[PDB]
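Chemist: Attaching a single structure in structure tokens format; questions to follow.
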Amino acid sequence: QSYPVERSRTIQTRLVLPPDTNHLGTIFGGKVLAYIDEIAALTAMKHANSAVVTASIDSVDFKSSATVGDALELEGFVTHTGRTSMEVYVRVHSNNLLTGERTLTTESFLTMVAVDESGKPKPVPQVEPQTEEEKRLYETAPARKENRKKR
Amino acid sequence: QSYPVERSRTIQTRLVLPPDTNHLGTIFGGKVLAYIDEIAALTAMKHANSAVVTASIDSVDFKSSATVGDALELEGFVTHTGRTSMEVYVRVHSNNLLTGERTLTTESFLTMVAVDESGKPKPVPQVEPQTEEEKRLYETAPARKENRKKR
Amino acid sequence: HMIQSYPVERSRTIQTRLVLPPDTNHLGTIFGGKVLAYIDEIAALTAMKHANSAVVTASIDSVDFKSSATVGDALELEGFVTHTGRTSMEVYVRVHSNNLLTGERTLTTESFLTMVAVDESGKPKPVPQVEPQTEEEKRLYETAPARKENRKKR
Amino acid sequence: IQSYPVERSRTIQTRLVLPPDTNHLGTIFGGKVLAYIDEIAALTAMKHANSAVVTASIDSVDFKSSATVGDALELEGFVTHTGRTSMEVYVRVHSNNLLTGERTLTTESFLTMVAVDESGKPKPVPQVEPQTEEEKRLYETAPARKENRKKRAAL
Amino acid sequence: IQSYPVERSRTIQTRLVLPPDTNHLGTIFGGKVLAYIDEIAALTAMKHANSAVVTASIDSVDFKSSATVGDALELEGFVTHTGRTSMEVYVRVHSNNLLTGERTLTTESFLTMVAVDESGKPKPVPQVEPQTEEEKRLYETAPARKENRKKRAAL
Amino acid sequence: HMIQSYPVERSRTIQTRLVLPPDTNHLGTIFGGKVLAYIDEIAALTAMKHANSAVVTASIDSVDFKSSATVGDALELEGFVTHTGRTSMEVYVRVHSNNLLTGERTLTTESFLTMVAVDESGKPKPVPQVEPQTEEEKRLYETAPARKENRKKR
Ligand SMILES: CC(C)(COP(=O)(O)OP(=O)(O)OC[C@H]1O[C@@H](n2cnc3c(N)ncnc32)[C@H](O)[C@@H]1OP(=O)(O)O)[C@@H](O)C(=O)NCCC(=O)NCCS
Ligand SMILES: CC(C)(COP(=O)(O)OP(=O)(O)OC[C@H]1O[C@@H](n2cnc3c(N)ncnc32)[C@H](O)[C@@H]1OP(=O)(O)O)[C@@H](O)C(=O)NCCC(=O)NCCS
Ligand SMILES: CC(C)(COP(=O)(O)OP(=O)(O)OC[C@H]1O[C@@H](n2cnc3c(N)ncnc32)[C@H](O)[C@@H]1OP(=O)(O)O)[C@@H](O)C(=O)NCCC(=O)NCCS
Ligand SMILES: CC(C)(COP(=O)(O)OP(=O)(O)OC[C@H]1O[C@@H](n2cnc3c(N)ncnc32)[C@H](O)[C@@H]1OP(=O)(O)O)[C@@H](O)C(=O)NCCC(=O)NCCS
């Protein structure tokens, strides 16, 4: 039992609004993190057809800021699976819709675990990579899992 | 000066969460309306490269509900333009990620106006329909504009 | 099963709220979506007071924004049940913005929504009939069937 | 010198009680009710003074009853009396039980609001003109309450 | 019979003051400060009683200073005294000026929290053991405050 | 330009918050994203108190969730500046959940963030050096350079 990465790929666009932002109008790091987890959860739920929980997130380096009201664009997809777990890759851009300037904000990996109605880990289907980027992320996922185990 | 409909097409997926919902867990009509306007604003801003305001929304018939935490999926695109105004079509589905059940929630049209930094209406580029659905929505937009004028 | 009607006055609702930065676009004008969310909120309160039930929004009619509030204004909303079907209620909502510093009050919009009472299963449930009492209420009641025909149409 | 009827300031709010607003048994937090009381008081005082305002104080608030999820809270505020830059605002809060239609008095409170100019300095406010018997009674009794606020804040 | 040190209940919160929380001049709404005071009081009382709680009352709250955007508000609460099912909770609030580092006392307040069982009925609470001199003084003076709350709520 | 350091104690921050339904998945477990948002919030407060400046989040290190709070628990967060660069501060944040009904307290996670002070233009700005005083603070200070090398690496 397997599904393509495309089945669960999720896209989001959010207007950056005053409450999301700090008193100079820059988006809070924590709002970006919340949105990253939201898209990873949606992505993992689509792949597993299950409630999910976040087991961990890898380091997140914020390469650029976003300001009120840029658009924040997020993409997520499942890159690799374990028995009950899914690695999800999320890529975030900010898009200044007035100027057309679009910049990479961050990219990261999360580990999501499917759980049943009682909260017990639940087996998940395998993922089938199709693009070259997908195939590369899948081939490199075991190594990332080993670093998580070490840390 | 014109751009394809695809340039401004915007997709959103949102997890339906307890605060979005009523004490029986059904999403509030008004949250759906807020999300519809948000995606229309993003769509119009992408087309016009401008701040926008909502001049009006047409009637919205809610064909189905969404529950916590379905995914709500929204798509918006510019269908037709006036001098400073854009008609934006928005289509909303609810997706029960546990069961795979996906249902049309609503579809509607909004009228967005591009405004300059001082809030004055601003000319917008024309839109170039490419699909058959796009061509049909564009051909039918003048008639919808006439009904708005009458009402 | 109840025979009596309930007066419009039973469920008439007033809200007043200061316009704050979350509600507003980067030029300080309130988002249409925020006004729409508040319109539904007041319609939901009004319908719940009439039906003493959970409710869902079946539809909203077209909304034309006649003006826009600015961050810091007060938004003033009033809603009331204008007419009833079997399980459905028409709710009329009127919105104004009030500049509290200058005293300028302007009409924002007016709207009709259709609210449906639901049981704990989410299935439509009968509602009490409404009784119009003021002349304004009676005029809205008189004109409700024509409005409902258009909704049947679309 | 300038005075306006109480009715100019009078403001009503209604709020739905939802799960984020309540303890795990479904009783609304005291703090949400307090938040709503100050909100309506600020609106009331802004209407009377046509100014930004700040909350100087709130008197004690005794909760006579609760409200629970899906109920509605109804608030009403009006200016009852004024000093030079300060306004006493009375607020009453009721719950409306959305299953039975029963209205219950939740609490009542007085606040002291201060009008401020654009630099945040206290600014003169007009007087209020009581018209109902309730308003006249609250106006008549306001000086004593003001004296109590002076006493309680003294060393 | 059972008693616990004040320290078991003691709770600290810090909150950033942001634009949604303030008037258009940037001064935090009184109501937000009140909301935060009840939040910390509920946490405090839940820790003391290991129970759901409801707010019975808050005494008067006099705002000694303001807080403004990007400042931080610091709150501290602890149980000072108990009755059968009720707890007096003292809360202090300071602003921390994020440009200068200056801390200013914003306000202080007492609340009355009531522990409730799963049916929402008042439930017995343990006593509190004051240890600091401040705690002993607040404990010693609590009966008089309780008597005042009885008087003010009487007909 | 200031010569003196500031002690860790200047900016150490504690937060406590009840877990409510917005924070939670449909089975009542708190979202990772909510915990992450609260971790950043406390790191931002801590860094602002140290630098007396606006700040931005440059990065967060990996976060492993050791347990999950349930709606109604209290989340307890503590943050403090562990080490400083020129414009950057390392912030350590520790999170626990506390079941207030049962008294059970469990470690949720621990995390390191890098916060950068910025001027009104958004450009990095120098920060004061931090002084570790407790043994815990001194150990974290001692081990910060190794952690910073890994960040330089990625
Ligand atoms: C991080 C950022 C401030 C770096 O700015 P810069 O123009 O490259 O300037 P510098 O190279 O002098 O970096 C400033 C400091 O950040 C540190 N830094 C930069 N990226 C970092 C990272 N990913 N992790 C840890 N530290 C980092 C630098 O080492 C430097 O430290 P130092 O001054 O003590 O020596 C910049 O890339 C940025 O604004 N990113 C977005 C931050 C943001 O907006 N976050 C909110 C959510 S999007
Ligand atoms: C609207 C809805 C309740 C209709 O339910 P149904 O199973 O078709 O049952 P009925 O045909 O008996 O409809 C119930 C009432 O709604 C009315 N109705 C249905 N759709 C309507 C619409 N688009 N506009 C106005 N009234 C409508 C019917 O005319 C009927 O009125 P009546 O009972 O007075 O005669 C149903 O489609 C629904 O739950 N939609 C989603 C509502 C919702 O969840 N909104 C929140 C945001 S998604
Ligand atoms: C209340 C405050 C404005 C008083 O201002 P001030 O510089 O002392 O100047 P004044 O003495 O002229 O006070 C203005 C009015 O406030 C009244 N006042 C001050 N403190 C009061 C209190 N604790 N309770 C009731 N009235 C009070 C004064 O009696 C005066 O009344 P009057 O003008 O009608 O005679 C000031 O202490 C303050 O800004 N507090 C913070 C308010 C705030 O920001 N609250 C929101 C949450 S922190
Ligand atoms: C406060 C309340 C629980 C009192 O309960 P009750 O059924 O009257 O039962 P009791 O008389 O035994 O009250 C319990 C304790 O509350 C105390 N109390 C009641 N009202 C009080 C008030 N206004 N101020 C201070 N203490 C009060 C009583 O003195 C008693 O103290 P004790 O047990 O230590 O001797 C009840 O009136 C209530 O639920 N109010 C609403 C609370 C609420 O929901 N607040 C949130 C926002 S609406």
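Residue numbering restarts at 1 in every chain; chains get A, B, ... in the order shown in the structure tokens, and ligands count up from 1 in that same order.
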Could you give me, as a ChimeraX atom specification, every polymer residue with an atom at most 9 Å away from an atom of ligand 4, counting only C-alpha atoms and all ligand atoms?
Modeler: /D:22,27-34,61-68,95,106-107 /E:53-59,82-88,111-116,120-125,146,149-150,152-153
Chemist: Dump the neighbourhood of ligand 1 as a list in words: all residues within 6 Å, distances computed on only C-alpha atoms and all ligand atoms.
Modeler: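 Using only C-alpha atoms and all ligand atoms, everything at most 6 Å from ligand 1 comes to residues 27, 28, 29, 61, 62, 63, 64, 65, 66 and 105 of chain A; 56, 57, 58, 59, 85, 86, 87, 88, 114, 116, 124 and 151 of chain F.
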Chemist: Report as a count of residues only: the residues of region 2-150 of chain E with a DSSP assignment of strand (DSSP E), based on the backbone of this structure.
Modeler: 57
Chemist: List the spatial neighbours of region 132-140 of chain A as a VMD selection string - criterion: any atom at most 9 Å away, only C-alpha atoms, same-chain residues fewer than 6 positions off excluded.
Modeler: chain A and resid 5 78 to 81 89
Chemist: Would you put the residues from that selection into a file with C-alpha atoms, as a CSV table (one decimal), in the first residue's frame?
Modeler:
chain,number,residue,atom,x,y,z
A,5,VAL,CA,3.8,12.1,-3.2
A,78,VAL,CA,5.6,13.6,2.2
A,79,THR,CA,9.1,12.6,1.3
A,80,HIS,CA,9.5,9.2,3.1
A,81,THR,CA,7.7,7.0,5.6
A,89,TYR,CA,9.2,18.6,3.6
Chemist: What are the residues of chain C lining chain E at 12 Å or less? Count only C-alpha atoms, and put the answer as a PDB file with N, CA, C and O atoms, in the first residue's frame.
Modeler:
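Listed below is the output, part12.pdb:
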ATOM      1  N   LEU C  18     -15.169  47.935  18.409  1.00  0.00           N
ATOM      2  CA  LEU C  18     -14.141  48.823  17.943  1.00  0.00           C
ATOM      3  C   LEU C  18     -13.407  48.108  16.810  1.00  0.00           C
ATOM      4  O   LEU C  18     -13.136  46.909  16.888  1.00  0.00           O
ATOM      5  N   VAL C  19     -13.086  48.827  15.757  1.00  0.00           N
ATOM      6  CA  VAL C  19     -12.313  48.232  14.626  1.00  0.00           C
ATOM      7  C   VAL C  19     -10.824  48.213  15.006  1.00  0.00           C
ATOM      8  O   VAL C  19     -10.237  49.270  15.259  1.00  0.00           O
ATOM      9  N   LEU C  20     -10.215  47.017  15.054  1.00  0.00           N
ATOM     10  CA  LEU C  20      -8.802  46.920  15.456  1.00  0.00           C
ATOM     11  C   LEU C  20      -7.895  46.443  14.300  1.00  0.00           C
ATOM     12  O   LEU C  20      -8.392  46.044  13.223  1.00  0.00           O
ATOM     13  N   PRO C  21      -6.552  46.551  14.487  1.00  0.00           N
ATOM     14  CA  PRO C  21      -5.656  46.218  13.355  1.00  0.00           C
ATOM     15  C   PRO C  21      -5.793  44.803  12.718  1.00  0.00           C
ATOM     16  O   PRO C  21      -5.628  44.667  11.520  1.00  0.00           O
ATOM     17  N   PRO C  22      -6.114  43.750  13.496  1.00  0.00           N
ATOM     18  CA  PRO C  22      -6.323  42.455  12.797  1.00  0.00           C
ATOM     19  C   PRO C  22      -7.403  42.488  11.701  1.00  0.00           C
ATOM     20  O   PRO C  22      -7.340  41.720  10.737  1.00  0.00           O
ATOM     21  N   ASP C  23      -8.362  43.408  11.863  1.00  0.00           N
ATOM     22  CA  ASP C  23      -9.541  43.512  11.015  1.00  0.00           C
ATOM     23  C   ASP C  23      -9.328  44.267   9.735  1.00  0.00           C
ATOM     24  O   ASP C  23     -10.245  44.379   8.908  1.00  0.00           O
ATOM     25  N   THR C  24      -8.117  44.739   9.548  1.00  0.00           N
ATOM     26  CA  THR C  24      -7.850  45.848   8.659  1.00  0.00           C
ATOM     27  C   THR C  24      -6.742  45.486   7.629  1.00  0.00           C
ATOM     28  O   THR C  24      -5.850  44.674   7.928  1.00  0.00           O
ATOM     29  N   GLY C  28      -5.187  50.404   6.599  1.00  0.00           N
ATOM     30  CA  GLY C  28      -6.146  50.697   7.691  1.00  0.00           C
ATOM     31  C   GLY C  28      -7.665  50.625   7.441  1.00  0.00           C
ATOM     32  O   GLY C  28      -8.458  50.971   8.308  1.00  0.00           O
ATOM     33  N   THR C  70     -12.591  52.571   9.316  1.00  0.00           N
ATOM     34  CA  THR C  70     -11.171  52.679   9.512  1.00  0.00           C
ATOM     35  C   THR C  70     -10.881  52.225  10.907  1.00  0.00           C
ATOM     36  O   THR C  70     -11.685  52.436  11.849  1.00  0.00           O
ATOM     37  N   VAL C  71      -9.733  51.562  11.024  1.00  0.00           N
ATOM     38  CA  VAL C  71      -9.231  51.143  12.307  1.00  0.00           C
ATOM     39  C   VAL C  71      -9.510  52.247  13.324  1.00  0.00           C
ATOM     40  O   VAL C  71      -9.262  53.447  13.088  1.00  0.00           O
ATOM     41  N   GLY C  72     -10.102  51.827  14.431  1.00  0.00           N
ATOM     42  CA  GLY C  72     -10.437  52.745  15.499  1.00  0.00           C
ATOM     43  C   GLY C  72     -11.880  53.192  15.535  1.00  0.00           C
ATOM     44  O   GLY C  72     -12.322  53.546  16.606  1.00  0.00           O
ATOM     45  N   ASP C  73     -12.589  53.225  14.380  1.00  0.00           N
ATOM     46  CA  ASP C  73     -14.053  53.483  14.335  1.00  0.00           C
ATOM     47  C   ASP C  73     -14.782  52.446  15.203  1.00  0.00           C
ATOM     48  O   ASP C  73     -14.230  51.399  15.522  1.00  0.00           O
ATOM     49  N   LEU C 100     -15.923  57.726  16.332  1.00  0.00           N
ATOM     50  CA  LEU C 100     -16.206  58.222  17.679  1.00  0.00           C
ATOM     51  C   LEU C 100     -15.516  59.537  18.003  1.00  0.00           C
ATOM     52  O   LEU C 100     -15.899  60.235  18.912  1.00  0.00           O
ATOM     53  N   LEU C 101     -14.493  59.886  17.244  1.00  0.00           N
ATOM     54  CA  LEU C 101     -13.777  61.112  17.448  1.00  0.00           C
ATOM     55  C   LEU C 101     -14.508  62.307  16.814  1.00  0.00           C
ATOM     56  O   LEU C 101     -14.486  63.419  17.365  1.00  0.00           O
TER      57      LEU C 101
END
Chemist: Mind running chain A against chain F at 6 Å and telling me each contacting residue's nearest atom pair with the distance in Å (one decimal), counting only C-alpha atoms, chain and number ascending, as a tab-separated table?
Modeler:
residue	atom	partner	partner_atom	distance
A:29	CA	F:57	CA	5.4
A:30	CA	F:37	CA	3.9
A:31	CA	F:37	CA	5.9
A:34	CA	F:33	CA	4.0
A:37	CA	F:33	CA	5.0
A:54	CA	F:32	CA	5.5
A:55	CA	F:65	CA	5.4
A:56	CA	F:64	CA	4.4
A:57	CA	F:63	CA	5.3
A:58	CA	F:62	CA	4.2
A:59	CA	F:62	CA	4.2
A:60	CA	F:60	CA	5.4
A:61	CA	F:59	CA	4.4
A:62	CA	F:58	CA	5.3
Chemist: Residues of region 2-152 of chain C classed as alpha helix (DSSP H) by DSSP on the backbone are to be reported as a PyMOL selection string.
Modeler: chain C and resi 32-51+135-152
Chemist: Convert the current residue selection to file output with N, CA and C atoms, as a CSV table (one decimal), in the first residue's frame.
Modeler:
chain,number,residue,atom,x,y,z
C,32,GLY,N,-13.5,43.4,4.0
C,32,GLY,CA,-14.8,42.9,3.7
C,32,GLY,C,-15.1,41.7,4.5
C,33,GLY,N,-14.2,40.7,4.6
C,33,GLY,CA,-14.3,39.5,5.2
C,33,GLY,C,-14.6,39.6,6.7
C,34,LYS,N,-14.0,40.5,7.3
C,34,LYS,CA,-14.3,40.8,8.8
C,34,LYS,C,-15.7,41.3,9.0
C,35,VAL,N,-16.2,42.2,8.1
C,35,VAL,CA,-17.6,42.7,8.2
C,35,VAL,C,-18.5,41.5,7.9
C,36,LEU,N,-18.2,40.7,7.0
C,36,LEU,CA,-19.0,39.5,6.7
C,36,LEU,C,-19.0,38.5,7.8
C,37,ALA,N,-17.9,38.3,8.5
C,37,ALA,CA,-17.9,37.5,9.7
C,37,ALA,C,-18.7,38.0,10.8
C,38,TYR,N,-18.7,39.3,11.0
C,38,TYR,CA,-19.5,39.9,12.0
C,38,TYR,C,-21.0,39.9,11.7
C,39,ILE,N,-21.4,40.0,10.4
C,39,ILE,CA,-22.8,39.9,9.9
C,39,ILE,C,-23.3,38.5,10.3
C,40,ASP,N,-22.5,37.5,9.9
C,40,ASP,CA,-23.0,36.2,10.2
C,40,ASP,C,-23.1,35.9,11.7
C,41,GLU,N,-22.1,36.5,12.5
C,41,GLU,CA,-22.1,36.3,13.9
C,41,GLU,C,-23.4,36.9,14.5
C,42,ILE,N,-23.8,38.1,14.1
C,42,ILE,CA,-25.0,38.6,14.7
C,42,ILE,C,-26.3,37.9,14.2
C,43,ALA,N,-26.3,37.4,12.9
C,43,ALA,CA,-27.4,36.6,12.4
C,43,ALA,C,-27.5,35.3,13.2
C,44,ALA,N,-26.4,34.7,13.5
C,44,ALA,CA,-26.4,33.5,14.3
C,44,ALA,C,-27.0,33.7,15.7
C,45,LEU,N,-26.6,34.8,16.4
C,45,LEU,CA,-27.1,35.1,17.7
C,45,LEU,C,-28.6,35.3,17.6
C,46,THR,N,-29.1,36.1,16.6
C,46,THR,CA,-30.5,36.4,16.5
C,46,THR,C,-31.3,35.2,16.2
C,47,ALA,N,-30.8,34.3,15.4
C,47,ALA,CA,-31.5,33.1,15.0
C,47,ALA,C,-31.6,32.1,16.2
C,48,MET,N,-30.5,32.0,16.9
C,48,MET,CA,-30.5,31.2,18.1
C,48,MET,C,-31.5,31.7,19.2
C,49,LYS,N,-31.6,33.0,19.4
C,49,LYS,CA,-32.5,33.5,20.3
C,49,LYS,C,-34.0,33.3,19.9
C,50,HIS,N,-34.2,33.2,18.6
C,50,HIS,CA,-35.6,33.0,18.1
C,50,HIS,C,-35.9,31.5,18.2
C,51,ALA,N,-35.0,30.6,17.7
C,51,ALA,CA,-35.3,29.2,17.7
C,51,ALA,C,-35.0,28.4,18.9
C,135,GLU,N,-43.9,49.0,12.5
C,135,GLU,CA,-44.2,49.2,11.0
C,135,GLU,C,-43.0,48.7,10.1
C,136,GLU,N,-41.8,49.0,10.5
C,136,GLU,CA,-40.6,48.5,9.9
C,136,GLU,C,-40.5,46.9,9.8
C,137,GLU,N,-40.8,46.3,10.9
C,137,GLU,CA,-40.9,44.8,10.9
C,137,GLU,C,-42.0,44.3,10.0
C,138,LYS,N,-43.2,44.9,10.0
C,138,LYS,CA,-44.3,44.5,9.1
C,138,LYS,C,-43.9,44.7,7.7
C,139,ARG,N,-43.3,45.8,7.3
C,139,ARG,CA,-42.9,45.9,5.9
C,139,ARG,C,-41.9,44.9,5.4
C,140,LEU,N,-40.9,44.5,6.3
C,140,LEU,CA,-40.0,43.5,6.0
C,140,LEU,C,-40.6,42.1,5.9
C,141,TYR,N,-41.6,41.9,6.7
C,141,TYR,CA,-42.3,40.6,6.7
C,141,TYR,C,-43.1,40.5,5.4
C,142,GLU,N,-43.7,41.6,5.0
C,142,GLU,CA,-44.6,41.7,3.8
C,142,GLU,C,-43.8,41.4,2.5
C,143,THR,N,-42.6,41.8,2.5
C,143,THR,CA,-41.7,41.7,1.3
C,143,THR,C,-40.8,40.5,1.3
C,144,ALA,N,-40.8,39.7,2.4
C,144,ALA,CA,-40.0,38.5,2.5
C,144,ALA,C,-40.3,37.4,1.5
C,145,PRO,N,-41.6,37.1,1.3
C,145,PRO,CA,-41.9,36.1,0.3
C,145,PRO,C,-41.3,36.3,-1.1
C,146,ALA,N,-41.3,37.5,-1.6
C,146,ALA,CA,-40.6,37.8,-2.9
C,146,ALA,C,-39.1,37.5,-2.8
C,147,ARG,N,-38.5,38.0,-1.8
C,147,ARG,CA,-37.1,37.7,-1.6
C,147,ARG,C,-36.8,36.2,-1.6
C,148,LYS,N,-37.7,35.4,-1.0
C,148,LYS,CA,-37.5,33.9,-0.8
C,148,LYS,C,-37.7,33.2,-2.1
C,149,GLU,N,-38.5,33.8,-3.0
C,149,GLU,CA,-38.7,33.3,-4.4
C,149,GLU,C,-37.4,33.4,-5.1
C,150,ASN,N,-36.7,34.5,-5.0
C,150,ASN,CA,-35.4,34.6,-5.7
C,150,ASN,C,-34.4,33.5,-5.2
C,151,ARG,N,-34.4,33.3,-3.9
C,151,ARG,CA,-33.5,32.3,-3.4
C,151,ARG,C,-33.9,30.9,-3.9
C,152,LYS,N,-35.2,30.6,-3.9
C,152,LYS,CA,-35.7,29.3,-4.5
C,152,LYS,C,-35.2,29.3,-6.0
Chemist: Counting only C-alpha atoms, what is within 6 Å of residue 114 (chain B), bar same-chain residues fewer than 4 positions away, as a ChimeraX atom specification?
Modeler: /B:50-52,84,121-122
Chemist: So which one's closest to chain B, D:98, D:78, D:40, D:4? Using only C-alpha atoms, please.
Modeler: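 Closest to chain B, using only C-alpha atoms: D:98.
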Chemist: Using only C-alpha atoms, determine which residues of chain A fall within 10 Å of chain B; present them as a compact mmCIF listing (two decimals) with C-alpha atoms, in the first residue's frame.
Modeler:
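This went into selection.txt:
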# COMPACT_ATOMS: atom_id res chain seq x y z
CA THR A 10 -0.58 20.63 -0.05
CA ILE A 11 -0.32 24.31 -0.98
CA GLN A 12 -1.25 27.30 1.17
CA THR A 13 -1.21 31.09 0.68
CA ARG A 14 -1.79 33.36 3.65
CA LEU A 15 -1.99 37.07 3.89
CA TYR A 35 1.90 27.62 9.70
CA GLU A 38 -0.32 23.22 10.07
CA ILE A 39 0.64 22.45 6.45
CA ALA A 41 -0.30 18.14 9.54
CA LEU A 42 -2.65 18.58 6.57
CA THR A 43 -0.13 16.88 4.31
CA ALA A 44 0.40 13.92 6.66
CA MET A 45 -3.35 13.54 7.29
CA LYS A 46 -3.96 13.38 3.53
CA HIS A 47 -1.32 10.72 3.08
CA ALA A 48 -2.34 8.58 6.13
CA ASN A 49 -6.07 9.31 6.26
CA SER A 50 -5.58 9.64 9.99
CA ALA A 51 -5.21 12.01 12.83
CA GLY A 69 0.65 42.08 4.15
CA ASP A 70 2.98 40.09 1.97
CA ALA A 71 1.61 36.77 0.98
CA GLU A 73 3.29 30.72 0.44
CA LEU A 74 3.77 27.24 1.81
CA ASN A 95 5.67 37.23 -1.85
CA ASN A 96 5.36 41.00 -1.95
CA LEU A 97 2.32 41.27 -4.15
CA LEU A 98 2.75 45.00 -4.75
CA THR A 99 6.33 44.70 -6.04
CA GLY A 100 6.38 41.07 -7.31
Chemist: Give me the residues within 10 Å of residue 142 (chain E) as a PyMOL selection string, counting only C-alpha atoms and dropping any in the same chain fewer than 5 places off.
Modeler: chain E and resi 80-82+88+110+136-137+147-148
Chemist: Hey, what's within 6 Å of region 93-95 of chain C if we count only C-alpha atoms and toss same-chain stuff fewer than 6 positions away? As a compact mmCIF listing (two decimals) with C-alpha atoms, in the first residue's frame, please?
Modeler:
# COMPACT_ATOMS: atom_id res chain seq x y z
CA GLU C 76 -22.53 48.96 14.87
CA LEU C 77 -24.64 45.96 13.89
CA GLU C 78 -28.32 45.19 14.34
CA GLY C 79 -30.06 41.99 13.38
CA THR C 108 -21.79 50.24 5.79
CA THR C 109 -24.20 47.70 4.41
CA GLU C 110 -27.41 45.85 4.75
CA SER C 111 -27.88 42.14 4.13
Chemist: Could the residues of chain A within 9 Å of chain E, counting only C-alpha atoms, be given as a PyMOL selection string, please?
Modeler: chain A and resi 18-19+22-23
Chemist: For the selection you just gave me, I'd like the residues written to a file as a PDB file, in the first residue's frame, keeping C-alpha atoms.
Modeler:
ATOM      1  CA  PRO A  18      -0.919  42.855  11.771  1.00  0.00           C
ATOM      2  CA  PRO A  19      -1.603  40.224  14.524  1.00  0.00           C
ATOM      3  CA  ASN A  22       5.626  42.380  15.507  1.00  0.00           C
ATOM      4  CA  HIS A  23       5.417  46.015  16.381  1.00  0.00           C
TER       5      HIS A  23
END
